[PDB]
């Protein structure tokens, strides 16, 4: 009947924070690793998220093009809303942006905006010395 409950737009968002000049190839390898840890395929990603600001973002834009999937850059003030929910505070991120984890905050922020309900991180962000990636999913889950 019309009361048929459709739950999941099962959205999966990757939030990314990285050093200046980080390549699409580097970001993609780290993204693939992060997805693998959580038994997610790159095919399952809906969008990428990061922080907006004045630096140009060609690595992220190239990654979005490779994936044929969008990248959204969110206001620092928006990311700040998610401070209390972050798992992996970053001294560099905090100093530079006002946000304790760009990857974690951007993932949550975008998932909730596209999804219109609460999102949860799949886990703490995965990091190397040039980038960090976090995954967020729209939390159904009756």
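Positions refer to the first chain, counted from 1.
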Residue range whose averaged C-alpha B-factor is higher in the record, 42 to 50 or 85 to 93: 85 to 93
So which stretch wins on mean C-alpha B-factor, 111 to 119 or 28 to 36? 111 to 119
Quick one: classify residue 11 as lowest, middle or highest third of the chain based on its Cα B-factor. highest
Tell me, lowest, middle or highest third: where does the Cα B factor of residue 77 rank within its chain? middle
Among the modelled residues of this chain, does the Cα B factor of residue 99 put it in the lowest, middle or highest third? highest
